[PDB]
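For reference, start_7.pdb is printed below; it contains PDB, C-alpha atoms.
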ATOM      1  CA  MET A   1      71.850  13.508   5.964
ATOM      2  CA  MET A   2      73.004  11.130   3.197
ATOM      3  CA  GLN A   3      70.583  10.568   0.194
ATOM      4  CA  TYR A   4      71.421  13.612  -1.985
ATOM      5  CA  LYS A   5      69.066  15.031  -4.643
ATOM      6  CA  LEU A   6      69.298  17.209  -7.773
ATOM      7  CA  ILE A   7      66.771  19.666  -9.279
ATOM      8  CA  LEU A   8      67.274  20.879 -12.874
ATOM      9  CA  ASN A   9      65.863  24.507 -12.798
ATOM     10  CA  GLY A  10      65.950  24.850 -16.602
ATOM     11  CA  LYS A  11      64.547  27.899 -18.353
ATOM     12  CA  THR A  12      62.966  25.367 -20.773
ATOM     13  CA  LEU A  13      62.149  22.187 -18.787
ATOM     14  CA  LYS A  14      62.840  21.161 -15.156
ATOM     15  CA  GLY A  15      63.649  17.800 -13.565
ATOM     16  CA  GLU A  16      65.077  15.968 -10.548
ATOM     17  CA  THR A  17      67.126  12.847  -9.616
ATOM     18  CA  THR A  18      68.204  10.938  -6.490
ATOM     19  CA  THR A  19      71.384   8.892  -5.827
ATOM     20  CA  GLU A  20      73.047   6.555  -3.313
ATOM     21  CA  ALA A  21      76.113   8.876  -3.127
ATOM     22  CA  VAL A  22      76.926   9.658   0.525
ATOM     23  CA  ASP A  23      79.165  12.749  -0.032
ATOM     24  CA  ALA A  24      78.816  15.977  -1.990
ATOM     25  CA  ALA A  25      81.874  15.108  -4.129
ATOM     26  CA  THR A  26      80.484  11.746  -5.272
ATOM     27  CA  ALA A  27      77.028  13.261  -5.750
ATOM     28  CA  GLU A  28      78.430  16.209  -7.770
ATOM     29  CA  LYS A  29      80.007  13.663 -10.164
ATOM     30  CA  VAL A  30      76.727  11.773 -10.409
ATOM     31  CA  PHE A  31      74.552  14.883 -10.913
ATOM     32  CA  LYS A  32      77.109  16.425 -13.355
ATOM     33  CA  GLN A  33      76.568  13.525 -15.778
ATOM     34  CA  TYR A  34      72.751  13.792 -15.357
ATOM     35  CA  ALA A  35      72.729  17.537 -16.208
ATOM     36  CA  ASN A  36      75.501  17.235 -18.891
ATOM     37  CA  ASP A  37      73.148  14.759 -20.646
ATOM     38  CA  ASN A  38      70.078  17.005 -20.143
ATOM     39  CA  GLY A  39      72.122  19.945 -21.550
ATOM     40  CA  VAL A  40      72.038  21.939 -18.263
ATOM     41  CA  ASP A  41      75.501  21.583 -16.657
ATOM     42  CA  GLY A  42      76.108  25.273 -15.836
ATOM     43  CA  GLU A  43      76.216  26.515 -12.255
ATOM     44  CA  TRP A  44      75.977  24.282  -9.159
ATOM     45  CA  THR A  45      74.091  25.804  -6.225
ATOM     46  CA  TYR A  46      74.991  24.939  -2.592
ATOM     47  CA  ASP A  47      72.902  24.062   0.459
ATOM     48  CA  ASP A  48      73.264  23.125   4.144
ATOM     49  CA  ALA A  49      69.732  22.251   5.256
ATOM     50  CA  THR A  50      68.186  20.527   2.233
ATOM     51  CA  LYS A  51      71.364  18.929   0.682
ATOM     52  CA  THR A  52      69.962  19.331  -2.843
ATOM     53  CA  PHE A  53      72.046  20.674  -5.726
ATOM     54  CA  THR A  54      70.391  22.608  -8.566
ATOM     55  CA  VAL A  55      71.662  23.664 -12.005
ATOM     56  CA  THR A  56      71.579  27.323 -13.064
ATOM     57  CA  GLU A  57      71.634  28.157 -16.804
TER
END

Just give me the structure as structure tokens.
Amino acid sequence: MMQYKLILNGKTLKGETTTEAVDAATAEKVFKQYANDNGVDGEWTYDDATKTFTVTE
């Protein structure tokens, strides 16, 4: 699976985003900026079936 996704699981407001990044490293860098802007860059969950990162504040 390629097309990674992000889910902001904020204790205030939630959100999501997609990307064209094909590897977890590239996607992490893309999603980091998205959450660092949303004020949620905290923890970064991991997955092996869904390939979707989530923030944990």

* Could you check how far atom CA of residue 40 of chain A sits from atom CA of residue 26 of chain A, in Å to one decimal? =>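 Pair atom CA of residue 40 of chain A / atom CA of residue 26 of chain A returns 18.5 Å.
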
* Evaluate the PyMOL selection byres ((chain A and resi 1) around 9) here and jot the selected residues down as a ChimeraX atom specification. => /A:2-4,22,50-51

* To do: Determine, counting only C-alpha atoms, every residue of protein, DNA or RNA that lies within 12 Å of (76.2, 15.9, -5.8) in the file coordinates, then give the result as number ranges by chain.
  => A: 2-7, 17-35, 44-47, 51-55

Output, as lines of an AutoDock Vina configuration file, the centre and edge lengths in Å (one decimal) of the axis-aligned box that contains all listed atoms of segment 31-37 of chain A with 6 Å of margin on each side.
center_x = 74.9
center_y = 15.5
center_z = -15.8
size_x = 16.4
size_y = 16.0
size_z = 21.7

* Asked: atom CA of residue 12 of chain A and atom CA of residue 43 of chain A are how many Å apart?
  ->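 We find that atom CA of residue 12 of chain A and atom CA of residue 43 of chain A lie 15.8 Å from each other.
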
* Asked: Got a sec to check which residues sit within 7 Å of (67.7, 22.4, -17.1), counting only C-alpha atoms, and write them as a PyMOL selection string?
  -> chain A and resi 8-14+38-40+55+57
